[PDB]
Amino acid sequence: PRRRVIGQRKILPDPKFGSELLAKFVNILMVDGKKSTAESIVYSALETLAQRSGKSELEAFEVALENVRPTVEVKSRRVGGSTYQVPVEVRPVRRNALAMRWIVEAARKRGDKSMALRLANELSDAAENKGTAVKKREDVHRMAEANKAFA
Amino acid sequence: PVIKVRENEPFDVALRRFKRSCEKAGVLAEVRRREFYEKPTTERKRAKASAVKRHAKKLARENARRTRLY
Amino acid sequence: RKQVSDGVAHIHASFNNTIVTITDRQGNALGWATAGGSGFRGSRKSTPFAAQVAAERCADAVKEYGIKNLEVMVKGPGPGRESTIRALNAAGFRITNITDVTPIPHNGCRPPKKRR
RNA sequence: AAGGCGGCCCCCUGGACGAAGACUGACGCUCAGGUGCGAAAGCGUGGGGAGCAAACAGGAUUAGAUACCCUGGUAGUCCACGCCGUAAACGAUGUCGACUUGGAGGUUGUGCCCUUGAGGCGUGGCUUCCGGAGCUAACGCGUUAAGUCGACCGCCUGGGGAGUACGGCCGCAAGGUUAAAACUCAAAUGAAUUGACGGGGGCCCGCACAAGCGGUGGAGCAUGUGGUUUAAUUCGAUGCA
Ligand SMILES: [Mg+2]
Ligand SMILES: [Mg+2]
Ligand SMILES: [Mg+2]
Ligand SMILES: [Mg+2]
Ligand SMILES: [Mg+2]
Ligand SMILES: [Mg+2]
Ligand SMILES: [Mg+2]
Ligand SMILES: [Mg+2]
Ligand SMILES: [Mg+2]
Ligand SMILES: [Mg+2]
Ligand SMILES: [Mg+2]
Ligand SMILES: [Mg+2]
Ligand SMILES: [Mg+2]
Ligand SMILES: [Mg+2]
Ligand SMILES: [Mg+2]
Ligand SMILES: [Mg+2]
Ligand SMILES: [Mg+2]
Ligand SMILES: [Mg+2]
Ligand SMILES: [Mg+2]
Ligand SMILES: [Mg+2]
Ligand SMILES: [Mg+2]
């Protein structure tokens with residue numbers, strides 16, 4: 001968009017829990033364009049996570065995002081022979097979506113049986129402040145303070 | 001560019017006063033112009049264009065301060 | 001040792017690096033720290049923030065002398081010319097004066113060639 | 001006068017301009033051959049050498065890089081005395097006189113009022129910018145003419161060969177000055193116009209980049225093409241398109 005300002009069309013808050021934030025989760029997780037399989041996988045995975053540790057089905061899943069949200073991210077600008085990254089803050093709207101993506105891409109790399117099981121395990125680690133999700137958030141944080149002299 | 005910090009005040013204002021001293025005394029600019037040696041012709045040529053374009057700005061102002069534009 | 005009460009701080013800025021040396025009025029060094037010496041080897045040692053990191057490092061490691069007053073003598077117009085003294089006061093010093101000493105010849109020796 | 005001349009002081013010296021008068025009374029302008037000065041580099045004999053730096057050596061980039069970039073570095077740049085005598089030595093505009101509407105300035109004298117204090121009125125000398133008539137191919141010049149005229153001098157006669165060869169003069173040398181011919185081409189050129197282009201400058205765009213999702217190139221197969229085979233493997237389409 002050279003001359004365009006956008007406004008994202010709204011989406012339906014999920015029926016089971018009413019959180020539009022969780023409704024994005026099924027949209028990000030959904031593959032090949034189908035919600036029937038993706039929505040049930042998220043719901044089923046949330047039952048095990050909630051049963052395993054702590055009440056408040058939504059709040060346990062919200063703790064994981066609070067641990068994987070990145071507060072800074074680098075962007076590259078080419079000047080001479082080599083590009084060098086410059087750090088920049090993350091707007092809170094994109095901040096939610098970034099960690100919301102990292103969990104799913106890290107979940108698909110476990111060796112478990114069901115995608116629901118892999119998602120439950122990853123969300124457990126994130127809520128416990130461990131695993132691949134926070135590790136990905138750690139690199140973008142470390143590599144943004146690695147070269148902070150640029151701005 | 002010697003500055004003497006007064007009774008307390010803020011260090012930022014003392015720093016802003018020291019920066020103003022260097023700007024007013026031309027410490028920054030003289031180092032750059034004397035880092036390399038340029039030939040005497042280039043010195044005479046650059047001053048020629050600097051004065052010519054400075055006066056040309058004044059002579060081009062009179063052609064727009066009275067002519068309606070829109 | 002000797003618990004020097006007041007001291008001097010020389011900032012040697014340059015287009016490529018920054019050196020911070022803490023002394024006393026007698027001109028004897030106590031500790032030094034440079035941007036290149038602070039692990040910023042490469043193209044980042046000329047950044048203004050790279051001088052911030054080095055100034056604290058030289059403010060530290062001279063705590064043995066108990067220095068409480070500093071005079072700042074900035075030199076060598078470059079990137080790290082004002083940031084490096086913002087960090088000096090953040091270390092707790094009470095800067096008495098700031099002076100700019102820098103070699104400005106009255107058309108002395110001939111400088112090198114233009115670059116192409 | 002041109003080349004050129006930049007801390008302060010001293011002592012030798014040239015030129016320019018202005019006010020008011022005396023004085024000589026055509027003593028004037030130009031100048032072939034001559035004579036003098038003449039940037040930088042260069043040469044000779046002595047000194048000096050901080051910094052820069054041809055040559056040179058190493059490190060890089062590169063397909064190579066005898067270059068640009070980096071770290072070093074000698075002649076030279078500096079002084080005295082002699083040679084050299086060439087530059088885009090250029091306002092690419094010879095010197096000397098006369099006349100021909102105007103503006104805005106810079107610098108240096110001066111004689112009146114209002115020594116009312118700033119100021120106002122003019123006359124002199126150099127000098128910068130813009131423009132009127134006029135000039136001309138157009139750019140442009142335009143009272144400091146490239147305008148209208150006088151007096152002398154130098155130079156030019158298609159482009160290469162060529163400011164070269166030979167022969168003189170000059171120089172220690174580098175080389176300088178004077179200076180052709182055979183042969184070859186139908187052009188070479190100046191200014192301006194319309195485009196196109198730029199690793200020139202602006203402003204605006206779009207699945208052009210950025211933010212994402214899914215793919216191709218890897219495998220098996222379908223289909224088209226190139227090639228190769230064949231008695232024939234019918235003809236056409238061939239960057240985007
Ligand atoms: Mg250099
Ligand atoms: Mg003659
Ligand atoms: Mg010479
Ligand atoms: Mg010599
Ligand atoms: Mg010698
Ligand atoms: Mg070199
Ligand atoms: Mg000549
Ligand atoms: Mg010649
Ligand atoms: Mg000249
Ligand atoms: Mg000139
Ligand atoms: Mg000529
Ligand atoms: Mg004469
Ligand atoms: Mg004019
Ligand atoms: Mg000759
Ligand atoms: Mg000859
Ligand atoms: Mg992209
Ligand atoms: Mg394939
Ligand atoms: Mg046919
Ligand atoms: Mg065919
Ligand atoms: Mg064909
Ligand atoms: Mg055809």
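Residues numbered from 1 in each chain as written, not as in the entry; some residues may be left out. Chains lettered and ligands numbered in written order. Part of a larger assembly, values for the part shown. Heavy atoms only, no water.

- What the PDB entry is called, per its title line, is "E. coli initiation complex with EQ2-EttA in Hydrolytic 1 conformation".
- UniProt's Function (unreviewed entry) comment on chain C is quoted here verbatim: "Located on the platform of the 30S subunit, it bridges several disparate RNA helices of the 16S rRNA. Forms part of the Shine-Dalgarno cleft in the 70S ribosome."
- A UniProt comment under Sequence similarities (unreviewed entry) is attached to chain C, and it reads "Belongs to the universal ribosomal protein uS11 family." (UniProt positions renumbered as here; feature names shortened; annotations may be inferred.)

- In the annotation of the PDB entry, chain A is listed under the name 30S ribosomal protein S7 and assigned to Escherichia coli.
- Taken verbatim from the UniProt record of chain A, the Sequence similarities comment is "Belongs to the universal ribosomal protein uS7 family."

### With respect to the overall build of chain A
Item 1. Along its length, chain A carries 6 helices and 2 strands.
Item 2. Put simply, chain A runs from its N terminus to its C terminus through helices and strands in the order α-α-α-β-β-α-α-α.
Item 3. With the C-alpha coordinates of chain A rotated into their principal frame, the extents come out at 55 × 35 × 25 Å.
Item 4. Per-residue burial for chain A yields a buried fraction of 37% across its 151 residues.
Item 5. Sequence-distant contacts, at least 24 apart, represent 59% of the contacts inside chain A between residues at least 6 apart.
Item 6. Of the roughly 9,700 Å² of accessible surface on chain A, a fraction of 50% belongs to carbon and sulfur atoms.
Item 7. Side-chain charges of chain A comprise 30 positive and 19 negative groups, with the mean position of each set lying 8 Å from the other. (Helix = DSSP H or I, 4+ residues; strand = E, 2+ residues; numbered from the N terminus. Buried < 20%, exposed > 50% of the residue type's maximum accessible area, 1.4 Å probe, protein only. Contact = heavy atoms within 4.5 Å. Areas by Shrake-Rupley, 256 points an atom, 1.4 Å probe, with all protein chains shown as cover. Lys, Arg positive; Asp, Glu negative; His and termini not counted. Charge placed at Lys NZ, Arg CZ, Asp CG, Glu CD.)

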